[PDB]
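Here are two versions of the same chain, shown separately as C-alpha cells and labelled structure 1 and structure 2.
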Structure 1
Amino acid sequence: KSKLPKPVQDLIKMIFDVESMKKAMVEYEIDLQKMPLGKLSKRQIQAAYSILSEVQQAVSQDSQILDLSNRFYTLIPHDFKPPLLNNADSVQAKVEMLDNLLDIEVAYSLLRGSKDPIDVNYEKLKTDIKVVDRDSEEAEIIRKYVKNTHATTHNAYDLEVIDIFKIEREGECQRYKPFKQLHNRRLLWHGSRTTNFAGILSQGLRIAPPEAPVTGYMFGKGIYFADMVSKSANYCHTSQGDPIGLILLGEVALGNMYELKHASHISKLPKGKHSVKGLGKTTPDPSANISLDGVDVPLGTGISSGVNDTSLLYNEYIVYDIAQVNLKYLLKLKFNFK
C-alpha cells in the first residue's frame, strides 16, 4: 500500500493511463498493430517530422504531394482512403500528433522499464509532488488566478479546480539558477494534453526539434505561456467525454521582453532581450498583481491593454531556452462544458 496522498495517487494513475494513450492513438487513426506503444522510435519520428516539413514546403508552392503524403504514412502507419496532406492545418495536426506520440512513448517506456506500483511509477517521474491544502492562502491565490483570468471569448466551458499540486522536478533548480535573478519573473500558465504529462514531468517543457515545420508557430519554436488561464486550458484538448485536464503554473524568467504585435519566427532574439511577449488587446489588470514567494502573479481580471493594432486577443509569452522555466504548480481542472 502506498504512503502517497490519494490526490497524488490519482494523478499518477491519470498520467500513466495506458487506455488514454491507446484512445488517443485510435483518434489519430494510427495503426496500433503496426505501430505499438513500445515500438515508437525516436529516429522514425524524427524522419516523420522532416517529411512533414517537405510536405509543407510542397503545399506552399499535386503528384509530388501525393508521394510525400504516402512516404509519411509508410513511416507512421495509419489505419484508414488516406487523406492527402495538402494544407497547413493538416500538416500542423500531424506535427502535433507526432509531439503527442513522442511523449506517449516516454510515458510507455517509463512504465515498462515489492513496492506499490503507484509508488514505483511516482519515483520514475523524478519529481517531488505535494498536495497544496485547499484551505491555504497559496490555494486561494491560485483559485483567484483561475477565476479572474478566464477570457470572455472562451465560453465553451467553466473551470473548476479539483487539486493543486506543488511540484519540484529533479535538476530544475540547478538548471534555472542562472535565470533565478533575471528581473521580470512571472508565474504563467502552460496547458497540454494529459497524455503528455509523464513526459513533461520527467523531462520538463521542451522546444520543438529543428526537423519540425515552423508553420503554426507564431513566434517561432519556443515554449509558450499565457497569463489568461483559458488561453492555456484550450491546449489541454479536453472534451465532454474526457473533461478533466492538467495545467501547469511555471515561474518564467522573462527579463527584457521583445514585445510583438504580429507573427515573427524568432531564430535568435535581439541581443539584450530574453523573451517574446505577444501583445494582446486584453491584459490582466496590473494593479491587481500579487507576489507569490518572490514571483509576480498577474491574477487581475482582464482589462484593455490599449493596444489596438495586434493579431492577438490576449498576451502570450515565449522563451527560447528550456532553462528559463521553473515549474511550480500542477492543477487538475474539471472543464464544465456548456
Structure 2
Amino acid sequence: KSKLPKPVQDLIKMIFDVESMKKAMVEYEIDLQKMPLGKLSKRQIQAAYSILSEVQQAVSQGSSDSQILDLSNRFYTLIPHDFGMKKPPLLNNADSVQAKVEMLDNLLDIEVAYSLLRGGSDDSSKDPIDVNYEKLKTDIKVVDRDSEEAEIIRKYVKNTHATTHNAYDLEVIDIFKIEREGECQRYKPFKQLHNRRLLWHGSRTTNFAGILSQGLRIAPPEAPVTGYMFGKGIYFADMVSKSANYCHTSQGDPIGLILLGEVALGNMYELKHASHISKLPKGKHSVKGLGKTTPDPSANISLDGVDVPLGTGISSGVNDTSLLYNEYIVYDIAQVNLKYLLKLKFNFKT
C-alpha cells in the first residue's frame, strides 16, 4: 500500500466512502431505490436548480397559484423523495426552497465524489488509497502535532467554540496541511490584497472529495440567488462552530472535516440582514455579515500578512441583526486559497 502517512490514508477512505454518500442523500429525503447514486446526473442536478429559480420568480411576484404547485411537482418528478409518507413541501415558500437548494449543493459535491471514484482504479499496480489521493490533485502533509503550528490551530478551535453551541464539545484528531495544484497561482492576484484572513469552512465529509479537486466554488449558473443568505459567493466563518455544525455530525457519525482558508477580503460590505447579491458594488471585495459575537480583537495574531482571529467569543456591540456570529463571503473563486484541513471529533453531550 501507499507510503502515505496513516492519517492520510484513513482520511482518503472516509471521504471516498460511498455508503456515507447515500447516508447524506437519505438525510435530505432522497428515494434511493428510485434514484440511485450511480444515476445522479449533473444534467438532472442542474435542470432542477432552474426549477427552484422559476419557483422564485413565481413566488416572489405573487403568481399563478396553480403553477407554483406544477413547478413543485416538476421538481419532485426530477428528484425522487422517500417522503415517504408524509405531506410534501410544495414550493411556494422561501423556507423550503432553500431547504432544497442546500440538498442540491450536496448532490453536486456528491456527484463529484461519486463520479470521481470510477476513473482510475482497477489497480493493483498502483493501489486504492493511492489512486483516490492522486485524483484529488492535492498534496496532504500530516502536520506534526506537538509543534507550535498545530497548537495555533487548536487554540483557534478552542477560543472560537461558541458561547451557545457548547453542547457537543470539540477535539482535534489530525491537522492536514494542503496544497491543491495551481491554486497558489490563481490566487496570486489576491496575494497582496489588503485585509486577508484565516477563516473556517465546514462542509459535510462527502463534499471534500470535490473541495479538494475543485476548491470551494461559486454556485451553479442556475442556482437561485435567492437560495443563499448572501447570494452567490463562497462562505466563511471566524467562529469554528458556525462552520462546524455544517458538517452534519451526529452521534452516529461524529467525525467532521473542517477547512481553514486564506481569504482575500479587502473592503467589506457590512451587512446585518440578507442580501441576495450576485453583485458586489465598486470598491467592495467581500461581504461581512455582522454578528453579535466576534472573536476577541485583543488576540489577533497576524502571521504572514494574514490575520488569524483566535479570540474568545466576545460581544460585538451588534444587537440589530440576523446573525449571531460573523460571516464572510467572496465572489471570485480565486479570492481564497485553502491552507489547512482538520479531522475533528465531534464529542457529543450529556
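C-alpha atoms forming the largest set that superposes within 1.5 Å between two forms make up the rigid core. Each residue is numbered by where it sits in the sequence of structure 1, with counting from 1.
Fitting the two forms on the rigid core leaves the C-alpha of residue 215 displaced by at least 2 angstroms between the two structures. Residue displacement note: residue 91 has its CA displaced by at least 2 Å between the two structures (rigid core superposed). Fitting the two forms on the rigid core leaves the C-alpha of residue 301 displaced by under 2 angstroms between the two structures. For residue 105, the Cα shift between the two structures is 1.5 Å when the rigid core is held fixed in the overlay. Overlaying the rigid core between the two structures leaves the Cα of residue 33 displaced by 4.3 angstrom.
After superposition on the rigid core, the Cα atom of residue 156 is displaced by 2.8 Å between the two structures.
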